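Notes for the one structure printed next.
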Amino acid sequence: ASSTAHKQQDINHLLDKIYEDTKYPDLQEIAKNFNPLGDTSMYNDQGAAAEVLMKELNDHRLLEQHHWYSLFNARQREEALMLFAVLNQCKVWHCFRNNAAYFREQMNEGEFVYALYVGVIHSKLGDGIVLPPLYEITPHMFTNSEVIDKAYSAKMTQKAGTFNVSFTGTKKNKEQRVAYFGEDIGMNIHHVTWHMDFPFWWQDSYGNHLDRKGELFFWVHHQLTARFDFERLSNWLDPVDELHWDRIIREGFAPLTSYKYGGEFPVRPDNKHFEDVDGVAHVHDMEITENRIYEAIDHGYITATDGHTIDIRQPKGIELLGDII
Amino acid sequence: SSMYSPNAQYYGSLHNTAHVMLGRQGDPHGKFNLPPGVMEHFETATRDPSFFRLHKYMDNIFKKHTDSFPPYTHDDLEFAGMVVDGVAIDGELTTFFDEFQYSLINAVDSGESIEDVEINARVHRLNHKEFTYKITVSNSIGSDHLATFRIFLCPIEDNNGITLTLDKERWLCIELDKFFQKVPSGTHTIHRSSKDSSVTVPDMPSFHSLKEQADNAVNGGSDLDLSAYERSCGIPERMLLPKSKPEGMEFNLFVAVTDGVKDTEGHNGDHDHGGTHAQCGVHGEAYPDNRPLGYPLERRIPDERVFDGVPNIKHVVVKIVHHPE
Ligand SMILES: [Cu+2]
Ligand SMILES: [Cu+2]
Ligand SMILES: [O]
Ligand SMILES: [O]
Numbered sequence: 004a005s006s007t008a009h010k011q012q013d014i015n016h017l018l019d020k021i022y023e024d025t026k027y028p029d030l031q032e033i034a035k036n037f038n039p040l041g042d043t044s045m046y047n048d049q050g051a052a053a054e055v056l057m058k059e060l061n062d063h064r065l066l067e068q069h070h071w072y073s074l075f076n077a078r079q080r081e082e083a084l085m086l087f088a089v090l091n092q093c094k095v096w097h098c099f100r101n102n103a104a105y106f107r108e109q110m111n112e113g114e115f116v117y118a119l120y121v122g123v124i125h126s127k128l129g130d131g132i133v134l135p136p137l138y139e140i141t142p143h144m145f146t147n148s149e150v151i152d153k154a155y156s157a158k159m160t161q162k163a164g165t166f167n168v169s170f171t172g173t174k175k176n177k178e179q180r181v182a183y184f185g186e187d188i189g190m191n192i193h194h195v196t197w198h199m200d201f202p203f204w205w206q207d208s209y210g211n212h213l214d215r216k217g218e219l220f221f222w223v224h225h226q227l228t229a230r231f232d233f234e235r236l237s238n239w240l241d242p243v244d245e246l247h248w249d250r251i252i253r254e255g256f257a258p259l260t261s262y263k264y265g266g267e268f269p270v271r272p273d274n275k276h277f278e279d280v281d282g283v284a285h286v287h288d289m290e291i292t293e294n295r296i297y298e299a300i301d302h303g304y305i306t307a308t309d310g311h312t313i314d315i316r317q318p319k320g321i322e323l324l325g326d327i328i
Numbered sequence: 330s331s332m333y334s335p336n337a338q339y340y341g342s343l344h345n346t347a348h349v350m351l352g353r354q355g356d357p358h359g360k361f362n363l364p365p366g367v368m369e370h371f372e373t374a375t376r377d378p379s380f381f382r383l384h385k386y387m388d389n390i391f392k393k394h395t396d397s398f399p400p401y402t403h404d405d406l407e408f409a410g411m412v413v414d415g416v417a418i419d420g421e422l423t424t425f426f427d428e429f430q431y432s433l434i435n436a437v438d439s440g441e442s443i444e445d446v447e448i449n450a451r452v453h454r455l456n457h458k459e460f461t462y463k464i465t466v467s468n469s470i471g472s473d474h475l476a477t478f479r480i481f482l483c484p485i486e487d488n489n490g491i492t493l494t495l496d497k498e499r500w501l502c503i504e505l506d507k508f509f510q511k512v513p514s515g516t517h518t519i520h521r522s523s524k525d526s527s528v529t530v531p532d533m534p535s536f537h538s539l540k541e542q543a544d545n546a547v548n549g550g551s552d553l554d555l556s557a558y559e560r561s562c563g564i565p566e567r568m569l570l571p572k573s574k575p576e577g578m579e580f581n582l583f584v585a586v587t588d589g590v591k592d593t594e595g596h597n598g599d600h601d602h603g604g605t606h607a608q609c610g611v612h613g614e615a616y617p618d619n620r621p622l623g624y625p626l627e628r629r630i631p632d633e634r635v636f637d638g639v640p641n642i643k644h645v646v647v648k649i650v651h652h653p654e
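This is the structure we're talking about:
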């Protein structure tokens, strides 16, 4: 029941054809009849997390299915983490499986996929499971619009096919020379999995501490940056400049990619100045935040909420900077 | 503008004034007591990168005029009975840098009654190895005919690796040679050495060499064939070819063979035209080629089929390799 074979098959089934109601009769039956609140002894918190999520569901406060999802959207992230919190409290696999099946059919698919992945990664119940590659679970997030269009045409015409992916832009765009780095599907899996392993929303009340996370955050991104610059050097290009909030972003981008639901990803023109983003931040807020971080660095200490100093002139200083940055 | 301008009051002097406008941008209001810029002397103007931005700007003015004419037709271009069967080169196309010395003695102050000393500058300069064109033509008229051989080097791809159409190549082509030669009936191979180019002239003899030769003649009495040196106008022989790359670059070598009788009407074919008539004309004589400068590449070529159908035009791929130190 909780053998590796059954848990793996359950996860495979839950992630199969994620944009449609489940086609597996056993999962259909669970989603119809299981009650996340029916027996709260299955949870290490006696049902607190399930109560939170069920109240949001019953009050019609959750993001609808067939809608874009972004982990950087505060409310959508909070909704995905409500499901993660339920899965994380499950004592045994049948709780994990049944809640996953129940909420798969109620919740936005992007939120669901995210919660199930981090639930598997951060629960002991997920030990031994191999998560399918996200580029086959949500291929729109890893595949350009031209190839997706060819897939839609194959499906409309009921014909199989294999379609070649090319890079975006043209040869006139020198940045295309290094598209094989940031568009590589495995490099993108590396990146999302690092953040799934070391999420910025992690709280140790979820079960365990993530050792040196803030320093690993610095290091993994330093390595992405240094590796990209090595590809630029390999292709007769100069190193990337750094962004600054008061200077133009020289290199624009046309993704030529689309969401499954939500439309095409937006383009950014060349040589644009940063503008304030309504509901996110003013450009000036970013500059102030940057200044405050540099104040801590140049002071040698981070300032606590009550004004006391937290020394960063020690080996953990870089980690604490990762935490606040 | 020149004094040949029909209306300087209205059209002014765009190019010469632009030289001064650019040259003076380091002190445009005369506040700093700065002397004229490098753009304000023909000796120095090409040292400034802005020289080539200014002259591309000017070149595009001329190009709007030359582009306004109807493209050449088959009948325009055909030298009836003259076909270029093949184009090849004897000798690899190899560039390198070598060393050249000239005297600085005139720059330094001497006298009175104090002896001079040898003071030289050594510069590194582009150069290339000798080669000879092999142009096989068939004259299928029953008579020997004067022909003009027009030789251009054209890019195949731009810096982005994009293959250029003939219309996009033609304005980028550089003149390598132009010469008049009688083509006897039948099939014959014309040989032309790189050293004999009508586009180029040799390195100037040194001041010291000119003094030695003149002094040796005056003090004694000897009629030296000074009618040896070319002129000083002309691309230096050493710079006939572009530098190219160590890994090699491929270019299109474009040969057009045109009716020499019509091209030279009024100036004879057997007459001596000097070593630099392509761009520097013939000292004290009319310009010897009646065709528009740049013929036959100086009009739009929207339909490459027209040029491909003309037997007296042919281009072949050649490779130039730079040999670094
Ligand atoms: Cu990241
Ligand atoms: Cu000029
Ligand atoms: O010039
Ligand atoms: O010029």
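Chains as they are written, first to last, in the entry's author numbering: chain C, 4 to 328; chain A, 330 to 654. Here a beta-carbon is modelled for each residue, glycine too, at the ideal position from N, C-alpha and C.
Using a C-beta cutoff of 8 Å, does residue i count as contacting chain C?
i	result
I485 of chain A	no
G359 of chain A	no
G341 of chain A	no
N597 of chain A	no
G490 of chain A	yes
Could you spell out the range, first to last residue, of the alpha helix (DSSP H) harbouring residue i?
i	result
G415 of chain A	Premise fails: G415 of chain A lies in the beta strand (DSSP E), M411 to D419, not in any alpha helix (DSSP H).
residue 305 of chain A	Since the first residue shown for chain A is 330 and the last is 654, residue 305 of chain A is missing from the structure and cannot be characterised.
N435 of chain A	Note, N435 of chain A: premise wrong, no alpha helix (DSSP H); not H, not E.
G325 of chain C	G320 to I327
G255 of chain C	First-last for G255 of chain C: undefined, no H or E at that position.
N362 of chain A	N362 of chain A -> no alpha helix (DSSP H), and no H or E assigned at all.
Excluding the 5 residues flanking residue i on each side, which residues of the same chain have their C-beta closer than 8 Å to its C-beta?
i	result
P400 of chain A	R628, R629, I630, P631, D632 and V635
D496 of chain A	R629, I630, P631 and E633
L84 of chain C	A118 and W204
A546 of chain A	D552 and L553
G366 of chain A	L351, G352, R353, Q354, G355 and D377
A77 of chain C	none
Looking only at its chain, what residues have a beta carbon closer than 6 Å to the beta carbon of residue i, apart from the 5 residues adjacent to it on each side?
i	result
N345 of chain A	none
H384 of chain A	none
Return yes when the C-beta of residue i is under 7 Å from any heavy atom of ligand 2, and no when it is not.
i	result
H370 of chain A	no
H358 of chain A	no
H193 of chain C	no
Under 7 Å from any heavy atom of ligand 1, does the C-beta of residue i make it?
i	result
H224 of chain C	yes
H302 of chain C	no
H276 of chain C	no
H311 of chain C	no
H384 of chain A	no
Check whether the Cβ of residue i lies closer than 7 Å to any heavy atom of ligand 4, and answer yes or no.
i	result
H651 of chain A	no
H344 of chain A	yes
Output the distance between the C-alpha atoms of residue i and residue j, rounded to the nearest integer angstrom.
i	j	result
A8 of chain C	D19 of chain C	16 Å
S538 of chain A	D544 of chain A	10 Å
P513 of chain A	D427 of chain A	41 Å
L406 of chain A	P625 of chain A	8 Å
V168 of chain C	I491 of chain A	20 Å
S556 of chain A	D232 of chain C	59 Å
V95 of chain C	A4 of chain C	10 Å
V270 of chain C	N176 of chain C	15 Å
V530 of chain A	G359 of chain A	40 Å
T465 of chain A	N488 of chain A	32 Å
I418 of chain A	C609 of chain A	26 Å
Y46 of chain C	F106 of chain C	16 Å
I14 of chain C	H198 of chain C	20 Å
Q68 of chain C	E290 of chain C	37 Å
Leaving out five residues on either side along the sequence, give the residues of the same chain with a beta carbon under 7 Å from the beta carbon of residue i.
i	result
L363 of chain A	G355 and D356
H602 of chain A	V611 and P617
Does the distance between the C-beta of residue i and the nearest non-hydrogen atom of ligand 3 fall short of 7 Å?
i	result
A374 of chain A	yes
Can you confirm whether residue i, when its beta carbon is compared against all beta carbons of chain A, has any partner nearer than 8 Å?
i	result
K175 of chain C	yes
For the beta strand (DSSP E) that residue i lies in, which residues bound it at each end?
i	result
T228 of chain C	Looking at the DSSP string, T228 of chain C is not in any beta strand (DSSP E); the run it does join, the alpha helix (DSSP H), is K216 to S237.
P484 of chain A	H474 to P484
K393 of chain A	Where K393 of chain A is concerned, there is no enclosing beta strand (DSSP E), although the alpha helix (DSSP H) it sits in stretches over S379 to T395.
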